[PDB]
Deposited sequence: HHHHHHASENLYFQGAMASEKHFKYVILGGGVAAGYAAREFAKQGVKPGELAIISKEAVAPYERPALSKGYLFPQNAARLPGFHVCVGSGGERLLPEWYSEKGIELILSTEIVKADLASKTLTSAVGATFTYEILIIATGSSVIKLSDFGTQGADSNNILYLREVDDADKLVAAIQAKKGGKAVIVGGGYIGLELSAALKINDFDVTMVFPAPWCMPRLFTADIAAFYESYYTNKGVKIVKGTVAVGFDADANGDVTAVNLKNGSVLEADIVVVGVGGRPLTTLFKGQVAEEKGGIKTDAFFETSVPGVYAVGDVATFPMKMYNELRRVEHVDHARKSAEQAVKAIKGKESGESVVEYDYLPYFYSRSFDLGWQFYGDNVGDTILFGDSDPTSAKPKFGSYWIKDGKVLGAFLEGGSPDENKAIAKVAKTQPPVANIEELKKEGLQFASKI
């Protein structure tokens, strides 16, 4: 049975950014352990749906270990061993006893902490969770961790030039439809919502992306869901049966239908709200000396005075750093600013890339060049509530333009023929 002052449970984005901050804060060899079910040190998870899948010059570990995704030093396993931070890899915690401050692995092994950081991230929802007919067929694939990405890369080779069906119209759906098309697959997306990213995108924004994908040869089947799968004698998928009675042939099915916080180890033992582990502005839970960061946290979102949960990478890095600062700030009992988070979301596929800052509430205005056939499409949108801009989206912005929309979202300037030179409004704020 192993004993550590600090234990990070999970080997993902938040764990790695917590590790870096601990080292910034003077953590001594022997004090810190990270326990992960993955076989590799903490990595920038966003690469898995993007550069990992390029047919040439793909992203691969150890390339995309944290913290290179935010422009920081790369933490190789040797970085951890040189600082006496122990990585306990290929270790799944099946039991967490917060009363005893003891964690037990699948193999029976035991681990104690004084301070615990929960950074267990999110599940990937699978059609097998629903009991859907034939969802156990081979080449029905999900994407959450690097092992998943390796199976997908392998299938992309094995099914070269074939048919892919992408189930879901959120982030994974967007990114993976584009990745499979760039790998020379015939690609069809299927989803129930009225339009892609249903969610953040307005009808105007969604119509741009839909048209652009159509132009790239991606087929789009809306208003339905997969209700079953055909499979051959080998158990390999051959087709997707849709609710409406149609059937799509498929060599590979990629499914992106959401994720949920991985919190079941702590059911009962901590307060929960909005589907995650409730925290204060320092990421401390119900149980003292127990923190929760990343996707699992439901925390106070100061600029909108609501608790929220966020399932994106920027928040994972920043919440991790906050936690380590708060832990140490009690040790040298000084004082720590409360987390003040500006939501920042983003996605890229094909040659496109957008950013969104703030809160997508209120009435919307579109601005700029919305032509899917433009050489470099550049357009955006503002969200306006109570006379103020609360949210801002921009596709194709420069660094100064993205900085300017972020400042709009942060300052909430009052507004109305903002439709205007829309982007110039942000650029002069």
Notebook entry, point to check: Where does the model have holes with respect to the deposited sequence?
Noted result: 1-19, 435-437
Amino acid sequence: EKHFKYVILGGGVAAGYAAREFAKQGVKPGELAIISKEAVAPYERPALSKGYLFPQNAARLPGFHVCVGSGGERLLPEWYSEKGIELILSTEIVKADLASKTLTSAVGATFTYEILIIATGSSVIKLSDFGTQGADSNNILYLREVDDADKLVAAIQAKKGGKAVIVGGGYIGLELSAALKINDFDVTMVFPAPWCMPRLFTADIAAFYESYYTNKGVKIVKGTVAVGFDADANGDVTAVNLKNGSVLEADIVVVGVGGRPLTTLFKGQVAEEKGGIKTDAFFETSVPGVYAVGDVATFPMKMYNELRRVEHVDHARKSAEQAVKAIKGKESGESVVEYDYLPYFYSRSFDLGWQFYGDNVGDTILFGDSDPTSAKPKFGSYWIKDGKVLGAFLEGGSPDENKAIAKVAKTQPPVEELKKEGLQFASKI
From here on, numbers count along this sequence of modelled residues.
Note to self: Tell me which stretch, 377-385 or 43-51, has the higher mean Cα B-factor listed in the entry.
What the structure shows: 377-385
Next item on the list: Select between 254-262 and 286-294 the stretch whose C-alpha atoms have the higher average B-factor in the entry.
Entry: 286-294
Next item on the list: By the entry's C-alpha temperature factors, tell me which of 191, 345, 185, 304 sits highest.
Entry: 304
Notebook entry, point to check: Among 195, 142, 350, 130, where is the Cα temperature factor highest, going by the PDB entry?
Noted result: 195
Next item on the list: Taking the values exactly as deposited, rank residue 147 by C-alpha B-factor within its chain and report the matching third: lowest, middle or highest.
Entry: lowest
Check: Based on the entry's values, in what third of the chain does the Cα temperature factor of residue 331 lie: lowest, middle or highest?
Finding: highest
Checklist line | Within-chain third of residue 35 by Cα B-factor, per the entry | finding: middle
Notebook entry, point to check: Based on the entry's values, in what third of the chain does the Cα temperature factor of residue 413 lie: lowest, middle or highest?
Noted result: highest
Note to self: Based on the deposited C-alpha B factors for this chain, I'd like to know if residue 371 is in the lowest, middle or highest third.
What the structure shows: highest
